[PDB]
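Nothing fancy with the numbering, it's 1 onward along the sequence.
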Amino acid sequence: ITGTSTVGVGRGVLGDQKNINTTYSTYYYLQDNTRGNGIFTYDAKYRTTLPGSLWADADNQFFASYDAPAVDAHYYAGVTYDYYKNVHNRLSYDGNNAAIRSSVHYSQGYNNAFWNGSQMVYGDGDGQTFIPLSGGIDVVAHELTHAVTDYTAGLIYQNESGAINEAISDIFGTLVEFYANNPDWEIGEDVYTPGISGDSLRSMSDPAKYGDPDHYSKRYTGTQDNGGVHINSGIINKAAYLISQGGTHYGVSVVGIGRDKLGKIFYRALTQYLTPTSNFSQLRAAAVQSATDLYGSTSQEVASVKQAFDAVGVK
Ligand SMILES: [Ca+2]
Ligand SMILES: [Ca+2]
Ligand SMILES: [Ca+2]
Ligand SMILES: [Ca+2]
Ligand SMILES: [Zn+2]
């Protein structure tokens with residue numbers, strides 16, 4: 001890992017060619033020295049022991065099918081870093097350039113990805129429900145954003161706190177996807193269900209399309225999914241979508257203010273006002289205050305934040 005900074009070339013999960021920052025010392029390692037204290041990508045070798053081995057490659061070319069998840073995990077970690085640096089002046093997830101570690105080829109047929117408190121982990125999928133989940137930029141940014149949340153607001157992964165946590169990751173996952181520029185308000189569409197076109201794991205524009213609630217009245221109150229952290233996120237995701245894009249939802253009209261202002265407001269909320277036990281009502285209050293800080297109390301931006309949360313029934 002002490003070596004010389006170099007640039008490798010390879011193919012991502014969706015077959016797209018890609019330059020990646022590597023480190024040469026005998027082998028070429030997926031180690032990016034150009035971003036903070038590093039981006040390191042590991043091979044978990046189909047096992048669940050973490051992080052696994054720092055990805056070594058003989059010739060700095062990554063075109064093998066086995067390489068594809070690593071290439072994207074490494075690359076999109078870079079893009080997500082750039083986003084938080086360039087757009088929010090945040091240096092890595094901890095704000096002090098902590099090294100960003102990812103492992104790919106986690107387990108077998110593993111249809112998920114997660115941030116384990118220390119690093120990102122990507123399964124390869126079963127090839128039917130998922131292909132390698134690092135292939136989705138919104139997925140990578142989603143998981144990396146969990147790190148940002150844990151180091152800032154510290155939202156408990158349970159009930160409404162957890163649903164906000166999830167929504168924050170969907171929100172910034174989407175905003176990274178727009179930042180990289182085939183952008184949309186869907187989640188996981190690039191790596192979800194090959195064979196079936198046009199679907200996704202979640203929708204921010206229309207959460208009900210996949211059975212998730214788009215209104216606080218329709219919120220889940222059972223025990224599954226840690227109190228519906230991936231389900232009730234739809235309520236916050238819709239609110240976010242309405243802030244950005246505008247629209248009329250259950251008879252409540254919302255004037256959009258764009259994704260850039262959506263991002264500034266929610267980032268400020270996340271890092272200045274939100275706490276580990278914040279509920280949806282407190283999120284509203286934090287978003288309204290953040291918008292007030294940035295744009296002023298009589299501004300359109302504050303009005304639209306109010307309109308959006310009114311629309312999804314969060315008072
Ligand atoms: Ca090679
Ligand atoms: Ca997309
Ligand atoms: Ca997407
Ligand atoms: Ca699909
Ligand atoms: Zn998540």
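No donor-acceptor distance shorter than 3.5 angstrom exists from the side chain of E166 to the backbone of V229, with no hydrogens or angles considered. Judged purely by atom type and a 3.5 angstrom limit, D225 uses its side chain to pair as donor or acceptor with the backbone of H230. Side-chain atoms of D138 come within 3.5 Å of backbone atoms of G188 as a donor-acceptor pair (strictly under, hydrogens ignored). In this structure, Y81 contributes its side chain and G36 its backbone to a donor-acceptor pair below 3.5 Å. Between the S290 side chain and the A269 main chain, a donor and an acceptor come within less than 3.5 Å of each other. In this structure, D57 contributes its side chain and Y28 its backbone to no donor-acceptor pair below 3.5 Å. A donor-acceptor pair is defined here as one N or O able to donate and one able to accept, closer than 3.5 Å; such a pair exists between the side chain of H74 and the backbone of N21. The backbone N or O of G313 sits nowhere less than 3.5 Å from a side-chain atom of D310 that would complete a donor-acceptor pair. Judged by distance alone, with hydrogens and angles left aside, the side-chain atoms of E177 form a donor-acceptor pair with the main-chain N or O of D184 at under 3.5 Å. Side-chain atoms of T193 never come within 3.5 Å of backbone atoms of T129 as a donor-acceptor pair (strictly under, hydrogens ignored).
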Carefully, step by step, assess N111 and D126 under the rule side-chain hydrogen bond (donor to acceptor under 3.5 Å, both in side chains).
CA-CA 6 Å; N111 288 324; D126 52 18; 2.8 Å; yes

Let me see the working for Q307 and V255 under side-chain contact (heavy atoms from CB on, under 4.5 Å), right down to the final yes or no.
CA-CA 8 Å; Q307 289 163 346; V255 181; 4.3 Å; yes

Going through the checks in order, is the side-chain hydrogen bond (donor to acceptor under 3.5 Å, both in side chains) test met by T34 and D32?
CA-CA 6 Å; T34 76; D32 178 357; 2.6 Å; yes

Kindly indicate, with the supporting measurements, whether the criterion side-chain contact (heavy atoms from CB on, under 4.5 Å) is fulfilled by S103 and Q119.
CA-CA 8 Å; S103 301; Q119 66 162 109; 2.8 Å; yes

Evaluation steps, salt bridge (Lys or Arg N to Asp or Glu O under 4.0 Å), between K209 and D199:
CA-CA 9 Å; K209 188 194 298 306; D199 64 343; over 6 Å; no

Kindly indicate, with the supporting measurements, whether the criterion side-chain hydrogen bond (donor to acceptor under 3.5 Å, both in side chains) is fulfilled by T48 and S107.
CA-CA 5 Å; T48 62; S107 194; over 6 Å; no

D150 vs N165, side-chain contact (heavy atoms from CB on, under 4.5 Å): CA-CA, chis, key distance, verdict:
CA-CA 9 Å; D150 290 354; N165 192 326; 4.1 Å; yes

Before giving the answer on side-chain contact (heavy atoms from CB on, under 4.5 Å), spell out for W185 and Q245 the whole-Å C-alpha distance, their side-chain angles and the decisive distance to 0.1 Å.
CA-CA 10 Å; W185 296 88; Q245 304 303 102; 3.4 Å; yes

Which is it for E160 and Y216 under the side-chain hydrogen bond (donor to acceptor under 3.5 Å, both in side chains) test, yes or no, and what are the steps along the way?
CA-CA 11 Å; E160 285 185 27; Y216 192 80; 2.7 Å; yes

Please assess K238 against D212 for the test salt bridge (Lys or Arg N to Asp or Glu O under 4.0 Å), listing each intermediate value before the final yes or no.
CA-CA 10 Å; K238 184 71 184 182; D212 291 325; over 6 Å; no

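Minimum interatomic distance between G228 and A163 (heavy atoms only, all atoms of both residues): O-CB, 4.3 Å. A308 and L242 make their closest contact through CB-CB, 4.1 Å (heavy atoms, listed as atom of the first residue, atom of the second, distance). Contact record, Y220 with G227: CD2-C, 4.1 Å, taken as the closest heavy-atom pair. Residues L54 and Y42 approach most closely at N-CD2, 3.3 Å, considering heavy atoms. Across all their heavy atoms, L274 and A286 have their closest contact at CD2-CB, 3.9 Å. Pairing each heavy atom of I100 with each of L144, the nearest pair is CG2-CD1, 4.1 Å.
Atom OG of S200 sits about 10.0 Å away from atom CG of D206, to the nearest 0.5 Å. Going from atom CZ of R202 over to atom OH of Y210 covers 11.5 Å, rounded to the nearest 0.5 Å. For the atom pair CG (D67) and NE2 (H105), the distance works out to 7.5 Å, reported to the nearest 0.5 Å. Between atom CZ of residue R90 and atom CG of residue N96 there is a gap of 10.0 Å, rounded to the nearest 0.5 Å. Once rounded to the nearest 0.5 Å, the distance linking CG of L283 with CD1 of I164 reads 5.0 Å. Distance check, rounded to the nearest 0.5 Å: CD1 of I131 to CG of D190 gives 8.0 Å.
A tilted orientation is assigned to the rings of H146 and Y157, their planes being inclined by 30° to 60°. Aromatic ring orientation, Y83 versus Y179: perpendicular (interplanar angle above 60°, classes split at 30° and 60°). The aromatic rings of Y267 and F172 stand perpendicular to each other, their planes meeting at an angle above 60°, with 30° marking the opposite boundary.
Under a cut-off of 6.0 angstrom, the local environment of CG in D59 is crowded, with over 12 non-hydrogen atoms contributed by other residues, nucleotides or ligands. Residue-environment remark: OH (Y93) exceeds the threshold of 12 foreign heavy atoms within 6.0 Å. Atom NZ of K218 sits in a sparse spot, with 12 or fewer heavy atoms from other residues, nucleotides or ligands closer than 6.0 Å. The environment of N86 atom CG is dense: over 12 non-hydrogen atoms of other residues, nucleotides or ligands sit within 6.0 angstrom. The number of heavy-atom neighbours closer than 6.0 Å to CD of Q128, taken from other residues, nucleotides and ligands shown, is 12 or below.
In the hydrophobic clustering of this structure, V288 groups with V254; members are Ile, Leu, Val, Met, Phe, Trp, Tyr whose side-chain heavy atoms approach within less than 4.5 Å, directly or through other members. Residue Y122 is grouped with residue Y66 when hydrophobic side chains (ILVMFWY) are merged at heavy-atom distances under 4.5 angstrom, including chains of intermediate members. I243 and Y241 fall within the same hydrophobic cluster, where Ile, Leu, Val, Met, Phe, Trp and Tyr residues are linked whenever their side-chain heavy atoms come under 4.5 Å apart, directly or through other members. Cluster membership for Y295 and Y273, using ILVMFWY side-chain heavy atoms within less than 4.5 angstrom, is not shared. With hydrophobic clusters built from ILVMFWY side chains whose heavy atoms lie under 4.5 angstrom apart, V121 does not share a cluster with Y75.
The aromatic ring centroids of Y27 and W55 lie 6.0 Å or more from each other.
Counting only heavy atoms from C-beta outward, the side chains of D214 and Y250 approach each other to under 4.5 Å. No side-chain heavy atom of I20 sits under 4.5 Å from any side-chain heavy atom of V9. A 4.5 Å side-chain heavy-atom check between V148 and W115 finds every atom pair outside the cut-off. Residues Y106 and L50 meet the side-chain proximity criterion, which asks for heavy atoms closer than 4.5 Å. For the pair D124 and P132, the minimum side-chain heavy-atom distance is below 4.5 Å.
Of the listed residues (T80, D170, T174), just one forms a side chain to side chain donor-acceptor pair (under 3.5 Å) with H142, and that residue is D170. Residue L270 forms a side chain to side chain contact (heavy atoms under 4.5 Å, CB included) with just one option from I265, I171, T149, and that option is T149.
No cation-pi contact links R11 to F63, judged by a cut-off of 6.0 Å to the six-membered ring centre and 45° from its axis.
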